[PDB]
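Every number for a ligand or one of its atoms is a count from 1 in the order of the listing. Letters A, B, ... mirror the listed sequences (proteins, then strands); counts begin at 1. The figures that follow rest on heavy atoms only: side chains count, while hydrogens, waters and symmetry mates do not.
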Amino acid sequence: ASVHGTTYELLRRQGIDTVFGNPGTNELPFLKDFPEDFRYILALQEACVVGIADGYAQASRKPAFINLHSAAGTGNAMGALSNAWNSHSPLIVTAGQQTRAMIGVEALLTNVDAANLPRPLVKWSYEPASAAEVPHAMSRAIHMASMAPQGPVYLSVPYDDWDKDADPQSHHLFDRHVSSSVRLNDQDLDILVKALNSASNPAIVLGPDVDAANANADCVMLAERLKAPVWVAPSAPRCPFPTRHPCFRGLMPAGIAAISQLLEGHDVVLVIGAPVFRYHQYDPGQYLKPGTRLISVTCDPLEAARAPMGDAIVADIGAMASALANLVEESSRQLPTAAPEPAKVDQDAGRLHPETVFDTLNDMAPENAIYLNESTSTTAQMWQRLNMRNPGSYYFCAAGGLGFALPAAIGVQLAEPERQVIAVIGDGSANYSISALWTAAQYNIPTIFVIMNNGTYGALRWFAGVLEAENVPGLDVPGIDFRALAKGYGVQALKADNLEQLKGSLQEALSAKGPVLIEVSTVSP
Amino acid sequence: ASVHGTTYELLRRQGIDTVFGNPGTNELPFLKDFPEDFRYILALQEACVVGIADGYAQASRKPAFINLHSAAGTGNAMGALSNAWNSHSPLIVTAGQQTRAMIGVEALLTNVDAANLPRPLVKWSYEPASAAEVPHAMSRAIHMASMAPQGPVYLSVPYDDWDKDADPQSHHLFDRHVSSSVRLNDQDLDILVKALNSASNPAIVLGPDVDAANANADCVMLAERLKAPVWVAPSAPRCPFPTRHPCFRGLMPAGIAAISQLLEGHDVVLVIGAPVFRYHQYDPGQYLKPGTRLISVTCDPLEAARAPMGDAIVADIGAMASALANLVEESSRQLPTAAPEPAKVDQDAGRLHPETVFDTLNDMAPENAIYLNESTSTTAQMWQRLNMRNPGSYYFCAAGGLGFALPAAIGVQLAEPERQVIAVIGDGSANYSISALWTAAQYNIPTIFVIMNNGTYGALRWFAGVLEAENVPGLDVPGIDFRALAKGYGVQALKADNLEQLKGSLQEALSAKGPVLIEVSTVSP
Amino acid sequence: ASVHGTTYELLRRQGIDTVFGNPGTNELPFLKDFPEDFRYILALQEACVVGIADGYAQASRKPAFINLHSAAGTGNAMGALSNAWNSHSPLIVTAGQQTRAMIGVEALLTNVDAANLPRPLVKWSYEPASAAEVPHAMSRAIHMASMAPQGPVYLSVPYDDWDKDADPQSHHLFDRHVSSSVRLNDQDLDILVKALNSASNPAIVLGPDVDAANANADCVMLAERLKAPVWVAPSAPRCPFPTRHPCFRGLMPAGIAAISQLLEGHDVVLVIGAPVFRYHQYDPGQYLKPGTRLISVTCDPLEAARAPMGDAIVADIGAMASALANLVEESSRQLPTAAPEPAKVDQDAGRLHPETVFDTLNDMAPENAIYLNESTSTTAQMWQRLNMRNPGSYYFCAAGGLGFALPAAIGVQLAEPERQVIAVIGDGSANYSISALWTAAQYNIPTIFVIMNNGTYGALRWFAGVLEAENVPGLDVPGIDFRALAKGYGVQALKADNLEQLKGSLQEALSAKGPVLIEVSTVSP
Ligand SMILES: Cc1ncc(Cn2c(C)c(CCOP(=O)(O)OP(=O)(O)O)sc2=O)c(N)n1
Ligand SMILES: Cc1ncc(Cn2c(C)c(CCOP(=O)(O)OP(=O)(O)O)sc2=O)c(N)n1
Ligand SMILES: Cc1ncc(Cn2c(C)c(CCOP(=O)(O)OP(=O)(O)O)sc2=O)c(N)n1
Ligand SMILES: [Ca+2]
Ligand SMILES: [Ca+2]
Ligand SMILES: [Ca+2]
Ligand SMILES: [Mg+2]
């Protein structure tokens, strides 16, 4: 068999059937004779390719396979890889290299130093030393991406390798099963359970890794048994809990002092599937107040090492959440009371307040909608106003890297054909990966894109307001016509200048058979 | 003085007055109190930021200063950095880092391992160990980017550094002058000159570094004195010679066997300011034929080391070209005859042949136009059909990385306000950095964008045709409306479906006061 | 031809005839059928291998070829590579890799990530993508090591590559000549010369790169014409000037404030072939005093970039020194007066004062002796007391990395069979590369090793005295018998407990036919 044939067999035997890519000449020998059981999803730029794959992987809870062109293609994607790293997204990034005979002279399209290019944003990066090694290296890539803590990996392949004879012994790779589904040993797990059972006022903090593991339901049970309030860890890339559950307390402020104040009086704080902590703004203070101790369960040694406080357990989030939910006692304490609904903000017949947009979305969207957020100045409001009862209902750039939500919303919609995806993206953010729209059009992936247009990089104007920073250039982005951009890429486009039109546009979008972009005129900050 | 004040003074004292950027919160403390003598050029995505800066640097023949946001912003730009590396573009890339107090915990927006991120595509990559070091590190960056062989460099700065007190001794940085304007010693230069003088049938091969040095005129003189044919080295990122000069022989084929055949019978081949060689397609054969010896002058040790044949001299291209042009004797040989004009291809009243487009451009454009090429299947024709008599008249992604020409054409037009820039870009390539259009609109930089629309990734269909590769997915890009995209970003848009309309559109574009995009319906391959 | 045969031919055609190594199984296929015209120099540990090669390269002023075993062998040498980096030593370090078929599984002896191992201490690091590429990669290594600024480079080769068929076109590599012998262009050189000619009180500062280039004699001439005092740049790895010349002012203190004070009143300071500056101790102050300006000539862009003050020219030191020495005018100023001889320190009939040892060496050694220094607390005295009139007469770990002088003295003696090498090494430093002695014994390389034994890490006790640091552990090294160590490795050993015995031992050593070690009982600090 050829390296080509063996590699495709390894992929399908490992459950991979889709290639997200933007092609080049180094990749032609790989893409030729494309398997009929495989599907190729083209995007027009590599940040879009990787973003779509990322959304697909996160929503599907399985690895996504990517094929990019050499150094330039890989480099175009490395902003996307920065989010993928922070979101533990299992992405297998392959890139084509020049033929071995021409790597030395550095012919055009040679990926020099290839493995070093994507670092430090990958778990594993490699170029095989011979054609026969390619399937083995692909096996390594598949497993490195998939093992806890999941993450992106990189494989560079000289284009002449594909047609070479494969090693007959490569068949041993095909059905390899590797498991990291592990939990704390019985003795120490009992100690933990006893500590939660004995807590007088426990609190729970959940991260994105909870949603990735589909441990949401177990976390509800654990919270119910412990009669404990549940917060989402700061800078949240996913939603790990029903936002309308009586225990839910919302998104934590991304500040050291703010979080210690919030947790004050809680004697034991159990953090599950989240970094400790993902702070953002500088909020000097105590990491924890006297009387509060912290216990973190994380799938990622790097997270456990860098936590500035608390004990930590490195294990699988699914296995740990299941175990805890089932072991802990049913506390006699009174179940926490549900947070009151958000107030309705005054709204005139003009520009729309972000709050109004989210209320309307909540009123009109299906109960199993999936939201993506890249409207950076309205995150707090979005979390307060959208009722997300099911898992996999929220996605936000884990590294704060813009250009995520637009493509990722397309990958999410591809992974969940029966759940309406609605991406809420600011006018600034929309541009980073605008060409992603074309993929939704071409494959008729019916994502709804809600563009929040206030003409400025609002979150930056705000941060600059706090720093009392004057004379900062480059904060306004006037003069963009998002309906024209959507038309340019074949996506149906609507405009909403007021509530009447917002309701009308949403009704039309929700009834449409393909992707739709709605440009919303929001108030200026 | 503050680190902020000292750094801006260092920049202006070193001739930098423009910041190409896309801002973030880590960068606010740097951008605040922006100097009135400085100018900020905003682009909507980092590949566009770096591409514009790249064109500006190459055309201006000086370093360009870039400011990006942390890891995600830097990563979005690394495809652009791959071209910059191959084109020796002096780019000073700065990125904002999290405050020092929060780097350890890996707060959101922390650039982890920052210096390793942009490698291997930079000459120098660094994050200073203290705020007071920032000006010194900026000095290092400026000089590393500017010294031969020029190239991109990377500096990461924690945002809390800017307001800190600068080291009083930093003033010694301000007026530092560093020179790499060097040439071969007298004795060995005389030996070289004697070898050229004694050559019976010399040939000259010029690379992009010739145009970068403005050594074009000296190369004409050298060619005239030696009565030698002049070729442009393969995969040419710039134009180093008048394409209508009697000595000019055009662009070399990017193949080993093709080049040795071309040079057969030439006893001495002098290569100046070019890699040896930038091959592309695999064309196995002799590097040089018996009787041909090669001498390379290059500014880049890496080029000299990796040449598979010939002698090499590592020195400044400007200094070497001047010295050779002035020292060599005036050969009694007959001056080479000028290549005959390209034939006129049959053109009906329908879709336009690439050849027709280039002939029309040549007929209508000013004699001092500057072209950019990202129409990958029509490169050979472009070189044959465009009369470029002056330096700085051609630019093409040095690393083959698409997404270059659109933004770079804007930077070129900014650097050369009196020379009409015309970017010829295929429908595929146009998408990679489409959002760059907005910058041309906002700053009224009057670049003309000619979009060659044949609905496919033509060069890939061709390479696949040679490999007889069947069933390759992802090669067609139908359904893009480039006039709508231009409208989306505020650029005047025209359409040319035939020659009559092409002539009309060009006439309008050439008379316009701002940027214009013309979508041209070209024939399908 | 085989890759083995082609590579050895490339080496000999490029002037390499010696392999410094410590062998392993990955290297057997390379070392087998060892060429009869080649010579193998074995050392017992890799720090010793590289140190011997380093001394050989520096003294011979040509590249030295090294062969080490995989990761462990390369890693044992990386302390040696840190000195080599700082001394611009042209070292070609090759290491054997596992067979390509077993690199994937990470068999024992696999060098994982090989090219990344030696960074950042090499100019170039590489593992070829195929056997046929090996000669081309070796060519790249040879030239990267040899081009200005010279430095160590690293090449990893899978052991199965050697027996494979070489590319017939590799013959083009054999006689490649690459030159970096360049100097400042005429116009700017004239400007420099005019500035030196106009200087009212110029001073000259020389670095190791001057001795490496053999530019010593030209620097004497330049100093004589300018009637200028000459200092050696701080932390000096070599001696660039006759220490008894009327212009010589000795070794500069390694402190910022000390150097600016020293240069005060000098209007133009010309630094040649040295970093600016290699400081050591923290001596806060002005980099230069008002009225002093600095001009640096360096072969190394990295040095020019990081100088905190002055103008810089990046060019070949040999070419620049020759040009300046020959162009500058003969100043009418009075030639500087020669520094007075060092005073004779009081010495009883007991332990020897370092000063006494150096005076005695100066009295007894041939005028063309070559010294090495790794007696860290007595450097200042050594420089004052040893008359070194010729080039290549002094070597000291450029990176301050101990374990250099012992092996390097053996390589120096190998390169200069007619010049008596005398290494002066403290009892602490002697241990780092003690096994190097065996190589001197086995090959009868007649280096003299003078061990300065005061029982302590003296320089550390001193630095700790300045920091008033109390309770520092690990500063004493009692209980080492250096005569027994020498006997262990087959080197004749003597002991000197007083001046009478020191004189006697030196007389015997100087008359000996092989290597000799003399243990000297020096006074405790
Ligand atoms: C790739 C990238 N570039 C730049 C930024 C910096 N940045 C920028 C540019 C922001 C403004 C986003 O503006 P928007 O219009 O999408 O939303 P708001 O107006 O609600 O802030 S938020 C922020 O962190 C980033 N995070 N990622
Ligand atoms: C960033 C990047 N991605 C992918 C490619 C691969 N690629 C692609 C996608 C090409 C087709 C460009 O199509 P076009 O429409 O711009 O021009 P033609 O139709 O004339 O080829 S040429 C080529 O090398 C690339 N070079 N750079
Ligand atoms: C490889 C290495 N390890 C440790 C040191 C630290 N070190 C040490 C250990 C010194 C003492 C050398 O002691 P010595 O006996 O050779 O000489 P003195 O007694 O004259 O200082 S000097 C110094 O920098 C070093 N420079 N290099
Ligand atoms: Ca906005
Ligand atoms: Ca096309
Ligand atoms: Ca000692
Ligand atoms: Mg990298």
Side-chain angles (χ1 to χ4, degrees), chain A residues 21-28 42 44-46 49 68-78 81 95-96 108-109 113-122 125 154 354 374-378 425-430 451-461 475-477 480 522 524-525, chain B residues 47 74-75 78-83 113-122 125 154 280 354 373-379 397 399-405 424-433 451-463 474-477 480 522 524-525:
Chain A
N22 178 269
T25 59
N26 290 351
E27 297 74 32
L28 292 180
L42 174 70
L44 302 172
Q45 203 250 11
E46 292 83 0
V49 175
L68 304 181
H69 175 67
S70 201
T74 297
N76 279 347
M78 269 159 78
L81 291 182
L108 188 72
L109 312 190
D113 215 9
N116 274 332
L117 178 61
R119 309 189 156 130
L121 307 175
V122 287
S125 190
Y154 186 73
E374 206 160 275
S375 182
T376 47
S377 72
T378 72
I425 301 171
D427 53 313
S429 295
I451 308 305
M452 307 281 270
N453 187 6
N454 60 13
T456 190
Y457 286 146
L460 298 189
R461 282 193 160 287
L475 302 192
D476 299 325
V477 287
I480 305 177
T522 59
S524 171
Chain B
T74 297
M78 269 159 78
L81 291 182
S82 79
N83 288 317
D113 215 9
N116 274 332
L117 178 61
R119 309 189 156 130
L121 307 175
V122 287
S125 190
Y154 186 73
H280 184 184
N373 176 21
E374 206 160 275
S375 182
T376 47
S377 72
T378 72
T379 293
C397 44
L402 305 181
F404 169 75
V424 183
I425 301 171
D427 53 313
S429 295
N431 307 291
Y432 291 86
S433 297
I451 308 305
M452 307 281 270
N453 187 6
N454 60 13
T456 190
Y457 286 146
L460 298 189
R461 282 193 160 287
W462 188 89
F463 180 61
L475 302 192
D476 299 325
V477 287
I480 305 177
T522 59
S524 171

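- The closest side-chain donor-acceptor pair between B/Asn373 and B/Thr379 falls under 3.5 angstrom.
- With ligand atoms numbered from 1 in the order given, ligand 2 contributes 15 (O), 19 (O) to contacts under 4.0 Å with heavy atoms of B/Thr456.
- Counting only heavy atoms of the protein, atom 26 (N) of ligand 2 lies nearest to B/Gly400 O, 2.7 Å.
- Across every non-hydrogen atom of A/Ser377 and A/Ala459, the tightest pair is CB-N, 3.8 Å.
- In this structure a side-chain-to-backbone donor-acceptor pair under 3.5 Å is present from B/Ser82 to B/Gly79.
- In summary, A/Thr522 places no N/O/S atom under 3.0 Å from the Ca ion (ligand 4), failing the contact criterion.
- Look at A/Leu117 and the Mg ion (ligand 7): an N/O/S atom of the residue is under 2.8 Å from the metal.
- Here the side chain of A/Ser429 pairs no donor or acceptor atom with the backbone of A/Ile425 at under 3.5 angstrom.
- On a distance-only criterion, A/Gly24 and ligand 2 share no N/O pair closer than 3.5 Å.
- Residues A/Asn76 and A/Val49 fail the side-chain proximity criterion, which asks for heavy atoms closer than 4.5 Å.
- Within the 2.8 Å limit, B/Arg119 places at least one N, O or S atom next to the Mg ion (ligand 7).
- Side-chain contact annotation: A/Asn22 with B/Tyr432, donor-acceptor N/O pair under 3.5 Å present.
- Atoms of ligand 2 lying under 4.0 Å from any heavy atom of B/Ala459, numbered from 1 in the order shown and given with element: 18 (P), 21 (O).
- Closest heavy-atom contact between B/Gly474 and A/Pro23: O-CG, 3.3 Å.
- Geometrically, ligand 2 and A/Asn76 share no nitrogen or oxygen pair separated by less than 3.5 Å.
- Looking at every heavy atom in both residues, A/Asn453 comes nearest to A/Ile480 through ND2-O, 4.3 Å.
- When hydrogens are left out, the protein atom nearest atom 10 (C) of ligand 2 is B/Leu402 CD1, 3.6 Å; that is the closest non-hydrogen contact.
- Put simply, the side chain of B/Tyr457 reaches to within 4.5 Å of the side chain of A/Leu42, judged on heavy atoms.
- Set against the non-hydrogen atoms of B/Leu460, the atoms of ligand 2 under 4.0 Å away are 8 (C), 9 (C), 10 (C).
- For atom 22 (S) of ligand 2, the closest non-hydrogen atom on the protein side is B/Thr376 OG1, 3.4 Å.
- Side chains of A/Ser125 and A/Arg119: a donor-acceptor N/O pair is absent below 3.5 angstrom, by distance only.
- The protein non-hydrogen atom at the shortest distance from atom 19 (O) of ligand 2 is B/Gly458 N, 2.8 Å.
- Draw a line from the Mg ion (ligand 7) to O of A/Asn116 and another to O of B/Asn116, and the angle between them is 110° (to 10°).
- Heavy-atom separations between B/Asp427 and ligand 2 include at least one value shorter than 4.0 Å.
- Remark: the backbone N or O of A/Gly96 is paired with a side-chain donor or acceptor of A/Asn26 at under 3.5 angstrom.
- When distances to the Ca ion (ligand 4) are checked against a cut-off of 3.0 Å, A/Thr456 contributes an N, O or S atom below that limit.
- For atom 6 (C) of ligand 2, the nearest protein heavy atom (residue, atom name, distance) is A/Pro23 O, 3.2 Å.
- Less than 4.0 angstrom separates some heavy atom of A/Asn22 from each of these atoms of ligand 2: 3 (N), 4 (C).
- Of the candidates B/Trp462, B/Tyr457, B/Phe463, the one placing a heavy atom closest to atom 11 (C) of ligand 2 is B/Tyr457.
- In this structure, B/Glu374 is part of the shell of residues with a heavy atom less than 4.0 angstrom from ligand 2.
- The shortest heavy-atom distance from A/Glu46 to ligand 2 is under 4.0 Å.
- Restricting A/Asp427 to its N/O/S atoms, the shortest distance to the Ca ion (ligand 4) is reached by OD1.
- Taking every non-hydrogen atom of B/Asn454 and a distance limit under 4.0 Å, the qualifying atoms of ligand 2 come out as 19 (O).
- Under the 4.0 angstrom criterion for non-hydrogen atoms, B/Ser375 is in contact with ligand 2.
- For atom 16 (O) of ligand 2, the nearest protein heavy atom (residue, atom name, distance) is B/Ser429 OG, 2.6 Å.
- Side chains of B/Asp476 and B/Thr456: a donor on one and an acceptor on the other come within 3.5 Å.
- How far OG1 of A/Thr25 is from CG of A/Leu108: 8.0 Å, rounded to the nearest 0.5 Å.
- The N/O atoms of B/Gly428, backbone and side chain alike, include one that comes under 3.5 Å of an N/O atom in ligand 2.
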